[PDB]
Amino acid sequence: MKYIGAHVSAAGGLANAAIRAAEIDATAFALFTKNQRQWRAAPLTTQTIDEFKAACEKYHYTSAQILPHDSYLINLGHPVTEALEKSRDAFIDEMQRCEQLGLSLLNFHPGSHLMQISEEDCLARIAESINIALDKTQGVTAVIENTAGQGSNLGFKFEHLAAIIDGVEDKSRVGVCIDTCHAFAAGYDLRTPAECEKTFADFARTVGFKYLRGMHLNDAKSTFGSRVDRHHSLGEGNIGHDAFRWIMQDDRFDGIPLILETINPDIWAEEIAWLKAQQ
DNA sequence: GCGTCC
DNA sequence: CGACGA
DNA sequence: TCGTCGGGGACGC
Ligand SMILES: [Zn+2]
Ligand SMILES: [Zn+2]
Ligand SMILES: [Zn+2]
(Lines give C-alpha, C1' and ligand atoms only; values in the text may rest on other atoms or scores of the structure.)
(Ligands and ions follow the chains in the order given, each with its own letter.)
Protein backbone atom coordinates (compact mmCIF):
# COMPACT_ATOMS: atom_id res chain seq x y z
CA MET A 1 0.00 0.00 0.00
CA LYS A 2 1.09 3.59 -0.53
CA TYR A 3 1.11 6.33 2.09
CA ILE A 4 0.25 9.62 0.43
CA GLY A 5 0.25 13.07 1.99
CA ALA A 6 1.75 16.53 2.18
CA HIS A 7 4.02 18.63 4.30
CA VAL A 8 1.34 20.20 6.53
CA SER A 9 1.66 23.16 8.88
CA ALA A 10 2.47 22.62 12.55
CA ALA A 11 1.38 26.12 13.44
CA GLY A 12 -0.20 26.19 16.85
CA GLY A 13 1.17 22.78 17.84
CA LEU A 14 2.58 19.55 16.37
CA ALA A 15 -0.75 17.82 16.93
CA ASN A 16 -2.26 20.31 14.48
CA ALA A 17 -0.14 18.76 11.75
CA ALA A 18 -1.79 15.39 12.28
CA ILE A 19 -5.20 17.09 12.38
CA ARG A 20 -4.53 19.01 9.13
CA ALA A 21 -3.29 15.85 7.48
CA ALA A 22 -6.52 14.05 8.34
CA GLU A 23 -8.54 16.97 6.99
CA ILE A 24 -7.07 16.52 3.50
CA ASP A 25 -7.51 12.75 3.80
CA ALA A 26 -3.78 12.13 3.73
CA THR A 27 -2.37 8.72 4.58
CA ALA A 28 1.08 10.17 5.33
CA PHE A 29 2.40 13.56 6.41
CA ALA A 30 5.54 15.57 6.99
CA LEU A 31 6.13 18.40 9.42
CA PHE A 32 8.79 20.54 11.08
CA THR A 33 9.01 19.77 14.82
CA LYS A 34 10.18 23.36 15.32
CA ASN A 35 10.62 26.43 13.15
CA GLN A 36 13.09 25.58 10.35
CA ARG A 37 14.52 29.10 9.98
CA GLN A 38 15.68 29.51 13.63
CA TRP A 39 18.45 27.84 15.60
CA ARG A 40 16.76 27.58 18.99
CA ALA A 41 13.40 26.40 20.26
CA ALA A 42 11.96 25.52 23.65
CA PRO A 43 12.21 21.87 24.64
CA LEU A 44 9.17 19.71 23.90
CA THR A 45 6.68 19.83 26.77
CA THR A 46 5.03 16.58 27.91
CA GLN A 47 1.69 18.07 26.81
CA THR A 48 2.95 18.82 23.29
CA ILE A 49 4.28 15.28 23.02
CA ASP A 50 1.15 13.66 24.38
CA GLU A 51 -1.12 15.83 22.23
CA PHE A 52 0.88 14.86 19.14
CA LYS A 53 0.88 11.15 19.90
CA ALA A 54 -2.84 11.25 20.70
CA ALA A 55 -3.59 12.95 17.41
CA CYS A 56 -1.58 10.42 15.42
CA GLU A 57 -3.42 7.57 17.14
CA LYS A 58 -6.77 9.22 16.52
CA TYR A 59 -6.11 9.61 12.82
CA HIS A 60 -4.16 6.37 12.21
CA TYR A 61 -0.71 7.77 11.45
CA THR A 62 1.99 5.35 12.56
CA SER A 63 5.65 6.40 12.62
CA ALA A 64 6.16 4.62 9.24
CA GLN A 65 3.84 7.20 7.73
CA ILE A 66 5.43 10.37 9.11
CA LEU A 67 8.48 12.11 7.63
CA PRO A 68 9.69 15.01 9.81
CA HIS A 69 12.10 17.44 8.22
CA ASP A 70 15.03 19.18 9.91
CA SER A 71 15.95 22.81 9.96
CA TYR A 72 17.15 24.72 6.88
CA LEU A 73 20.07 26.15 8.90
CA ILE A 74 21.93 22.91 9.52
CA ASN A 75 24.90 22.21 7.30
CA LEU A 76 26.33 18.81 8.13
CA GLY A 77 29.29 19.21 5.80
CA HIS A 78 30.29 22.72 6.92
CA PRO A 79 33.92 23.48 6.11
CA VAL A 80 34.32 25.59 9.26
CA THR A 81 34.76 23.64 12.49
CA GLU A 82 32.64 25.85 14.75
CA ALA A 83 29.73 26.02 12.27
CA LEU A 84 29.95 22.28 11.65
CA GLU A 85 29.80 21.71 15.43
CA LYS A 86 26.76 23.91 15.90
CA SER A 87 24.98 22.11 13.03
CA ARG A 88 25.95 18.74 14.42
CA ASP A 89 24.55 19.82 17.79
CA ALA A 90 21.35 21.06 16.18
CA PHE A 91 20.98 17.87 14.19
CA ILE A 92 21.33 15.66 17.27
CA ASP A 93 18.65 17.78 18.99
CA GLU A 94 16.39 17.27 16.01
CA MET A 95 16.89 13.50 16.18
CA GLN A 96 16.17 13.57 19.87
CA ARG A 97 12.92 15.43 19.39
CA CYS A 98 11.97 12.62 17.01
CA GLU A 99 12.76 10.07 19.71
CA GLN A 100 10.55 12.00 22.09
CA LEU A 101 7.68 12.19 19.61
CA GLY A 102 7.85 8.49 18.74
CA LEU A 103 8.98 9.34 15.20
CA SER A 104 11.35 6.96 13.43
CA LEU A 105 12.43 8.89 10.32
CA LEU A 106 14.16 12.24 10.02
CA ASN A 107 14.54 13.79 6.58
CA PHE A 108 17.46 16.22 6.15
CA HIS A 109 19.58 17.90 3.43
CA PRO A 110 23.14 16.65 2.95
CA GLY A 111 25.21 19.86 3.39
CA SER A 112 27.24 22.43 1.37
CA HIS A 113 30.98 23.05 0.86
CA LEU A 114 30.71 26.85 0.34
CA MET A 115 33.70 26.44 -2.01
CA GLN A 116 36.02 26.18 1.01
CA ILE A 117 36.54 22.39 1.03
CA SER A 118 36.44 19.62 -1.58
CA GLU A 119 33.32 17.62 -2.40
CA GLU A 120 35.04 14.47 -1.10
CA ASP A 121 35.82 16.09 2.22
CA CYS A 122 32.32 17.55 2.57
CA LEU A 123 30.67 14.17 1.87
CA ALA A 124 32.85 12.59 4.51
CA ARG A 125 31.93 15.32 7.00
CA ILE A 126 28.27 14.62 6.33
CA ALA A 127 28.78 10.88 6.86
CA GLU A 128 30.54 11.65 10.15
CA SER A 129 27.79 14.02 11.25
CA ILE A 130 25.35 11.17 10.67
CA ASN A 131 27.48 8.71 12.65
CA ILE A 132 27.68 11.20 15.54
CA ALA A 133 23.91 11.56 15.62
CA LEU A 134 23.16 7.83 15.40
CA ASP A 135 25.63 7.43 18.25
CA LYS A 136 23.56 9.61 20.61
CA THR A 137 20.09 8.38 19.75
CA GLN A 138 18.12 5.22 19.02
CA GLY A 139 15.31 4.17 16.72
CA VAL A 140 15.50 7.15 14.34
CA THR A 141 16.76 6.67 10.75
CA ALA A 142 18.66 9.45 9.05
CA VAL A 143 16.95 9.98 5.68
CA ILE A 144 19.10 11.93 3.25
CA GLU A 145 17.19 13.99 0.70
CA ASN A 146 18.59 14.46 -2.83
CA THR A 147 19.04 18.10 -3.81
CA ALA A 148 18.76 20.28 -6.87
CA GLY A 149 22.40 21.28 -6.63
CA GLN A 150 21.90 25.00 -5.98
CA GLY A 151 25.09 26.85 -5.02
CA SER A 152 27.57 24.63 -3.21
CA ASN A 153 24.89 22.23 -2.01
CA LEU A 154 25.82 18.57 -2.45
CA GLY A 155 23.43 15.63 -2.84
CA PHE A 156 22.39 16.43 -6.40
CA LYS A 157 24.02 13.28 -7.80
CA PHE A 158 22.83 9.88 -6.58
CA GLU A 159 26.56 9.08 -6.26
CA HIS A 160 26.78 11.67 -3.49
CA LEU A 161 24.05 9.88 -1.57
CA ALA A 162 25.84 6.56 -2.08
CA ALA A 163 29.16 8.01 -0.90
CA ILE A 164 27.57 9.38 2.28
CA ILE A 165 25.95 6.01 2.99
CA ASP A 166 29.26 4.25 2.39
CA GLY A 167 30.59 6.39 5.26
CA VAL A 168 27.80 5.52 7.68
CA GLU A 169 28.64 2.89 10.28
CA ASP A 170 25.12 1.74 11.12
CA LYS A 171 23.49 1.28 7.72
CA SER A 172 20.33 0.02 9.44
CA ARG A 173 19.54 3.66 10.31
CA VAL A 174 20.38 5.57 7.15
CA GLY A 175 18.21 6.00 4.09
CA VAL A 176 17.23 8.37 1.30
CA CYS A 177 14.25 10.48 0.27
CA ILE A 178 13.98 11.26 -3.42
CA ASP A 179 12.47 14.62 -4.36
CA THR A 180 11.32 14.60 -7.99
CA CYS A 181 11.74 18.34 -8.51
CA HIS A 182 15.23 18.19 -7.19
CA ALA A 183 16.12 15.17 -9.34
CA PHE A 184 14.76 16.88 -12.44
CA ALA A 185 16.59 20.10 -11.61
CA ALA A 186 19.83 18.12 -11.16
CA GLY A 187 19.53 16.53 -14.64
CA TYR A 188 17.55 13.31 -14.00
CA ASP A 189 14.71 13.36 -16.54
CA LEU A 190 11.20 12.34 -15.54
CA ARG A 191 9.10 13.79 -18.40
CA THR A 192 8.06 10.42 -19.84
CA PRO A 193 7.61 6.90 -18.39
CA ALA A 194 10.74 5.81 -20.30
CA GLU A 195 12.73 8.59 -18.74
CA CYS A 196 11.35 7.60 -15.34
CA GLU A 197 12.56 4.06 -15.97
CA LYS A 198 16.01 5.34 -16.86
CA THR A 199 16.23 7.63 -13.85
CA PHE A 200 15.16 5.01 -11.30
CA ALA A 201 17.43 2.34 -12.86
CA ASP A 202 20.27 4.82 -12.22
CA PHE A 203 19.06 5.23 -8.63
CA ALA A 204 18.90 1.43 -8.31
CA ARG A 205 22.49 1.02 -9.57
CA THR A 206 23.99 3.78 -7.51
CA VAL A 207 22.03 3.79 -4.23
CA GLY A 208 19.53 0.94 -4.43
CA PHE A 209 15.87 0.79 -3.47
CA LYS A 210 16.62 -0.89 -0.16
CA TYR A 211 17.62 2.52 1.16
CA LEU A 212 14.52 4.31 -0.17
CA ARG A 213 12.59 5.62 2.83
CA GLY A 214 10.44 8.45 1.42
CA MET A 215 9.60 10.55 -1.62
CA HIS A 216 8.79 14.19 -2.10
CA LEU A 217 6.30 14.45 -4.98
CA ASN A 218 6.91 17.85 -6.49
CA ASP A 219 6.52 19.15 -10.02
CA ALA A 220 9.21 21.67 -11.06
CA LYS A 221 8.88 25.40 -11.87
CA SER A 222 12.57 25.27 -12.72
CA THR A 223 13.72 23.57 -15.94
CA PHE A 224 15.64 20.37 -16.69
CA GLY A 225 19.18 20.37 -15.32
CA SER A 226 18.83 23.99 -14.22
CA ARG A 227 20.06 23.13 -10.74
CA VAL A 228 17.36 25.46 -9.35
CA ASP A 229 15.06 24.36 -6.54
CA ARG A 230 11.56 25.70 -7.30
CA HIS A 231 8.51 23.51 -6.81
CA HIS A 232 5.23 23.46 -8.63
CA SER A 233 1.82 21.77 -8.35
CA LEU A 234 1.47 18.36 -10.00
CA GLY A 235 1.09 18.63 -13.75
CA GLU A 236 1.69 22.40 -13.82
CA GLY A 237 5.49 22.42 -13.99
CA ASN A 238 8.16 21.16 -16.39
CA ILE A 239 7.92 17.52 -15.30
CA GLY A 240 4.21 17.07 -16.03
CA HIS A 241 1.78 14.51 -14.64
CA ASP A 242 3.11 11.32 -16.25
CA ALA A 243 5.96 10.84 -13.78
CA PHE A 244 3.54 10.92 -10.87
CA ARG A 245 1.14 8.41 -12.42
CA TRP A 246 4.19 6.23 -13.13
CA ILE A 247 5.32 6.38 -9.51
CA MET A 248 1.82 5.60 -8.20
CA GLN A 249 1.68 2.55 -10.42
CA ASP A 250 5.09 1.18 -9.35
CA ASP A 251 5.10 -1.06 -6.29
CA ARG A 252 8.66 -0.10 -5.38
CA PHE A 253 7.25 3.04 -3.83
CA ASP A 254 4.94 1.36 -1.30
CA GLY A 255 5.18 1.49 2.50
CA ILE A 256 7.02 4.81 2.61
CA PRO A 257 5.79 8.40 3.10
CA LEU A 258 5.07 10.00 -0.29
CA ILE A 259 4.92 13.68 0.48
CA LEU A 260 3.64 16.58 -1.60
CA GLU A 261 5.60 19.81 -1.16
CA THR A 262 3.73 21.48 -3.98
CA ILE A 263 3.24 25.21 -3.83
CA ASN A 264 -0.57 25.63 -3.52
CA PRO A 265 -1.76 23.99 -0.30
CA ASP A 266 -5.37 24.82 -1.26
CA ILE A 267 -5.34 21.93 -3.70
CA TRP A 268 -3.45 19.28 -1.63
CA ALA A 269 -6.61 17.30 -0.95
CA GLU A 270 -7.26 17.15 -4.70
CA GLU A 271 -3.60 16.29 -5.46
CA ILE A 272 -3.76 13.53 -2.87
CA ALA A 273 -6.94 12.13 -4.39
CA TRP A 274 -5.60 12.34 -7.90
CA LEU A 275 -2.47 10.44 -6.79
CA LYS A 276 -4.63 7.79 -5.07
CA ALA A 277 -6.69 7.37 -8.20
CA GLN A 278 -3.59 6.78 -10.39
CA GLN A 279 -2.85 3.49 -8.59
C1' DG B 1 20.78 45.63 -2.07
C1' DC B 2 15.55 43.65 -2.80
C1' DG B 3 11.54 40.09 -2.40
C1' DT B 4 11.09 35.51 -2.58
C1' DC B 5 11.94 30.61 -2.30
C1' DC B 6 13.56 26.12 -0.06
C1' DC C 1 7.53 28.70 7.85
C1' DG C 2 5.99 29.05 13.08
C1' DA C 3 5.73 32.24 17.05
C1' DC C 4 4.26 36.45 18.34
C1' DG C 5 2.52 40.73 18.82
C1' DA C 6 -1.93 44.40 19.59
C1' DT D 1 -6.10 37.98 9.57
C1' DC D 2 -2.21 40.97 9.09
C1' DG D 3 3.01 42.31 9.05
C1' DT D 4 7.38 40.93 11.30
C1' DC D 5 11.59 38.08 12.88
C1' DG D 6 14.68 34.79 12.16
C1' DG D 7 19.49 34.91 9.96
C1' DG D 8 21.47 29.68 6.29
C1' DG D 9 21.99 29.60 1.52
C1' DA D 10 20.27 30.67 -2.76
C1' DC D 11 17.84 32.66 -7.07
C1' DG D 12 16.61 36.35 -10.32
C1' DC D 13 16.49 40.85 -10.31
ZN1 LIG E 1 14.02 19.00 2.15
ZN1 LIG F 1 12.01 18.19 -0.94
ZN1 LIG G 1 12.96 21.74 -2.79
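Worth knowing before you read on, the calculation uses all heavy atoms, side chains too, and leaves out hydrogens, waters and symmetry mates. Numbers restart at 1 for each chain; the letters A, B, ... are given by sequence-line order, proteins then strands.
With hydrogens and angles ignored, the 3.5 Å screen pairs a side-chain donor or acceptor of A:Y61 with a backbone N or O of A:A22.
With 3.5 Å as the limit, one finds a donor-acceptor pair spanning the side chains of A:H109 and A:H69.
A:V143 and A:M215 end up in different hydrophobic clusters when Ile, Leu, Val, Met, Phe, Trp and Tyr side chains are linked at under 4.5 Å.
Base-pair partner of C:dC4: D:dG3 (Watson-Crick or G-U wobble, both distances under 3.5 Å).
Spacing between atom CG of A:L154 and atom P of D:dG8 amounts to 19 Å, rounded to whole angstrom units. In this structure, A:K34 places its NZ atom 12 Å from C1' of D:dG7, rounding to the nearest Å. Rounded to whole Å, the distance from CH2 on A:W39 to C1' on D:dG6 is 12 Å.
Applying the 4.0 Å criterion to OP1 and OP2 of B:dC6, one finds that A:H182 has every side-chain N and O outside that range. Side-chain nitrogen and oxygen atoms of A:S152 include at least one within less than 4.0 Å of the OP1 or OP2 phosphate oxygen of D:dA10. Close to C:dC1, at under 4.0 Å from its OP1 or OP2, lies a side-chain N or O of A:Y72.
No N or O donor and acceptor, one from the side chain of A:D229 and one from the base of B:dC5, sit under 3.5 Å apart. In this model, no side-chain donor or acceptor of A:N75 finds a partner on the base of D:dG9 within 3.5 Å.
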